[PDB]
Structures are given as C-alpha cells and as structure tokens.
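Right, one structure below, let's go through it.
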Amino acid sequence: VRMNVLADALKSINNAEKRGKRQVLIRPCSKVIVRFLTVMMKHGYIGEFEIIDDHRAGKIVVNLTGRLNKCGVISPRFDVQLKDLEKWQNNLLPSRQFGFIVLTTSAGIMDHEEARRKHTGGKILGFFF
Amino acid sequence: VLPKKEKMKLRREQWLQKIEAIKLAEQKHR
Amino acid sequence: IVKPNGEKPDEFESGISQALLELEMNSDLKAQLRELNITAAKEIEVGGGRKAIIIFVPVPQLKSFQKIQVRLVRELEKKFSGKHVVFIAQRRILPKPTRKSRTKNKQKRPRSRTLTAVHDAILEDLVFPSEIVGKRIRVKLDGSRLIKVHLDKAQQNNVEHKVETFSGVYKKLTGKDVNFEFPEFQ
Amino acid sequence: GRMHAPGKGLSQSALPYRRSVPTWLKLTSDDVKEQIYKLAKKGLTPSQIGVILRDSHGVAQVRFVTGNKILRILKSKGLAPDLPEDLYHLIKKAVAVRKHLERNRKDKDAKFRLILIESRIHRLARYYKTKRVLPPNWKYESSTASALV
Amino acid sequence: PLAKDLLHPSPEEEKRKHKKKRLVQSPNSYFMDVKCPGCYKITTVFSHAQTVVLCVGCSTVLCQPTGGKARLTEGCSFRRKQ
RNA sequence: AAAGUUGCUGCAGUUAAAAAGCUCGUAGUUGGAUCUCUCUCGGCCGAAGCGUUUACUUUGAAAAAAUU
C-alpha cells in the first residue's frame, strides 16, 4: 500500500524530469511535500508549482525547468546530529558545490547549509542535485 | 562487446564531465 | 439590534443599527429581523479608495441571515452611497495547543475552532450568493502563496463587481492574497 | 487491490466539491430525521436508509443536510443495532454457506469460501473490540451464528 | 507531445476522463424531476437509482433499476435539475 | 586491505549458487491526508502549577594519564 507520500512525489518528479516533461501532477499532497518543494524551488530547481484543492488530500502541479538531476528521499528518517551531517553529505551528494540534504529540524524544514547556519540537527528527508 | 570495467569507467568519467559542466555553468552566472 | 461582545457601541454600528431599524419599520423584512441581532461592524477602504462595510454577526443566527441576505444587501445599498456590504460571522480562533500554555485546556479543541477551518468558513461566508466550486494555491517564486477561488458561473452577474472588494476584505482581515475567477464549465 | 481477492477495481462513488445543500431541495433537517426514524422502524440498516433517501426523497448526502451521519442519528435516538451492519451481513453469509454445506458436503468451494468469510469476520471483530463498539468478551462461533440473525 | 498544461484541461477532455481520474473528481450522475402522465405531481429521482420509485398518489412505477441509469417508464416526462 | 566474497552505508536469487503448489493465517516490522504559559506572596521580577507524556535535536556542567 501507499506509505511515504514524499517518496512517491519525488519518484514521480524524478521520472517526469528524466523524460523531459514540462509539468508533473503529483498526488496526494502533504505539508511535508509542500515544504520540500518550497526548499527545492527557492534554490531554483523546479520553477513554480500550484496546489489543486479537493476535499481530500490535494494534488500539486509542478512546472519543471530542466536543472534537476536527481531528487531523492531517505527512508527511514534517520536522526542526524550536527557533526554526522558532514558524513551524510559525503555519502549523498557526489559533488561539493551543488546538492541538498533536506532536514526536518525543530526550526522547520530546510537545507543542510541553513541547518548548519542555525546550528541544529534533526531528521533527514531527502537530497537533490 | 566490451568488458564492464571500462563501461563503468566511461559512465563515471562522463558523469564527472557532466558535473564539471554544470559547476562551470553555475559559476559563469555570477 | 447590536449586542457587542465587548459591549462598547461605537457610532458606525449604532448607525447601521438605526439603518436596520428604519429598514424594519418600512420594508417587508419585519417578522424575522426582530428575532435576529448583530455583534460588531467595521469599515475598510479597498480597491484604491472604495469603501466597504463589514458586519460581524453571531454564528448560530448566521443561517437565518442567509435567508434575507440579498434583500438586506440591496436595501443597505439603497440606504448608503456607492458602497459594498458583506456579512461575515464572528468566529473564534483557538490558539494551537503547545507545551507552554495556560491550564485551561482540559478538553480537546474542536476542529472548527482551528485557524484553517475558520478561514475556510470566512472565505465561504464572504461570498454568500455565489458558491465556491474550486480552490487553487499558486506558490510564487518568492515563496508567497496566492489563493485563486472559483465561484459559480450560474449566478456570476450578481457579484461581478464585488470581487475586488472581496479580495481587499479578505486580505485586510487575514493577510492572504485571494483572486476570484469563474470557470466556463463545471 | 482487494484485501483477500487479487483484483483491483476502481468502481466507487465520487462525492462533489460542493458540500452545500442544493437550492432545489425543500426538505429540512428535521423532516430528513423523521424519514430516517420511520425507515429505521421499518427494519432497515443505514445502507438502505441512505439509498432510499437518495433515490426517492432527493437528499444526496445526509451528512450535508443534517450536519451528522446516519449511524450517529440512529445512535442518539437509540434505534441503533447492537451489531454494526457489515459484521451482521458477514455472519448471515456464514450461516447460509454453512447451511449449504450441510445440504451438500462435497462442495469444497463453499468450504474455502467459508474460511474466507470467517477470516473477514475475525478481522472485523478485532477492529470492533479495539474501538469498544463490541464488548471485549465477544466471540464468533459456528453454532452461535444462527442466534445473531 | 511532452508539453500540455495540466491545470487547465479542455472541457471535452475532462468530460471524457474517468470520474475519479479528473483533476478534481466529480460524479456523472444527477437528480431529475419526473412527472407521471397519470397525474401532475413531480418526484425527485436519482438518475442511477437502485430502488423502484413509486408515485405518492398514483402508485405507478416511475423508474426501474438497471445496470446503470434507471429506466423511466414510457410515458413519464423528466427534467434535469440545476 | 584490495573485497560491494557477509553488503547499515552497499550484494544477490528467469537462463549462472538461490523465490515456496495456492489461499487463509499470531507476534514482530511498516503505515494516507488534516489541528498557527500563567496563578499567588516577597524585591518591571523572583518562588509555584508547569503545558498530555515520550522518541528526536541543541546547550551547559562534569568526565585519568600515556597513546592518537
């Protein structure tokens, strides 16, 4: 059955982007998915997206751009302390300029640079380069 | 056709070239 | 007619109370208005210099206000100058239960007392004659949301000119930008 | 996909985005409630109550008009059955299959279907004892099946 | 190919799609008023009704349930609502 | 150590080592969307109940040398 809706959203975005599509429809929506896509958006990777609202879990239309190589989820959401974060990026991002671990910390959902800037750790969600 | 060792070497090196191209493209925008 | 929760009548809501009384002693809206009452009122400039009237009514009488809404709106528009009148129920926002709060939360708050449910009810009550048939949220590149609201095509002509007043009222009361559209088919 | 069956159908109902009661419906919430009460007096489970109310009386969704759903309306009045309707239907089906088995012994297809139906009964009974709709001493037994219909 | 706006589908495309698979799901059914030729009373019936609907006074059959929509009796009139 | 030949990172199982007749079937593992600090006594504060309780993250104190 359907577990980890963020995994489905990111797999759908990845499979759409590898076919060179302009838009992708991802369902069901979630607040975690919206925060993840907002972090992905604010660095310039997925353009701009629109939430479609039914009286169910909603849908999202994401207007893909072409910059995205890979967006991925890490299941299960391992606890990431502020030291071990370096190990994690040495595991996940293949290059040290671009790529992003997305963390859920108590200060919100943000990227690993901002998580170091806030001097906090948390649980891991994904990465995108 | 050809052994897999240089196949993964070609894929890794082309991915390295792809990374360097993306890095220099993002560096040019500054 | 006016029964404020703070029990402080200002001149605006007392004036529209006199307006409702004059409406009752002349027009056919007689047998129902006595049983009813309002709570508060405000006046807001929207759309670049166009004023609009807001009347906060109590919630459990609001359904009855739905029965005489259009007649009350047209009679207050005849009474007033070029204006726009909206009836919005006075909903109570309960704060989100955290680990630092007052010791009054001995019972779980209802979902109708949350922020999102109250703002949905406010959006559906700000547009009474038309019914909301769709909702989109466009999230801009700066990260700021924008709600796009789809209303009835069938009764479009009633509220064609009030959509900017609706947007200004919702923006002033909430802080969220809202646009209104009409789909060509349902 | 289904819970025991391997099929995956899509046939279901699609509720509209308008939760509003339509203008053409002249029945009020109360009149809907007395219709519910009289149909419950006729001996009807909430499924046929909703079906008759939708088909003939023009109310699409009881929860949209009265503000509350049918089982809670019957529970407040007290005309609510001791078993939920689905468990009752499952038990009735088990009785009918067992009667057929007693008439026809070699019908091993019905034996397999009987095992399937009792499996559904046990899962649903576990759920109902979880949320205290059933008392915690409830147990399904083969000879204690015809007494519940 | 590879480029079509998902937020704004054409209405014939939305009509063609399965009711659950639309952008926002919406049913294919409707409520209609039926008038028996033997009387004047109007009755509200669901298009996909599963129950046989009888007239209040005439007690004639108004619809017969079938696999999909209900078969109204030859002679009755109807009008779709809203 | 090369070694991803013990595999959490990070392996496999059509034809090479290997996935069972099929369904039902405890435990365990996993699980859709949704909810934005105050009350008293003593000098704007100190004491007190904390707010459902946790898992998580951070800080501070404290934590042999030698070795590194």
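Numbers run from 1 along the shown chain.
Structure method, as recorded: electron microscopy, 3.1 Å.
Backbone N, Cα and C atoms are what each Cβ position is placed from, and that goes for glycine too.
The SUMO2 cross-link annotation in Swiss-Prot covers C:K63, C:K67, and the record cites a large-scale study or a structure entry as its basis. Taken from Swiss-Prot, the feature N6-acetyllysine covers C:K67.
The Cβ of C:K63 (SUMO2 cross-link) has 9 neighbouring Cβ atoms from other residues within 10 Å, across all protein chains displayed.
In sequence order, C:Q32 are the residues near C:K67 (SUMO2 cross-link), counting only same-chain partners six or more apart with C-beta under 8 A. Under DSSP, C:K63 (SUMO2 cross-link) is assigned to a helix (H, G or I) in the three-state scheme.
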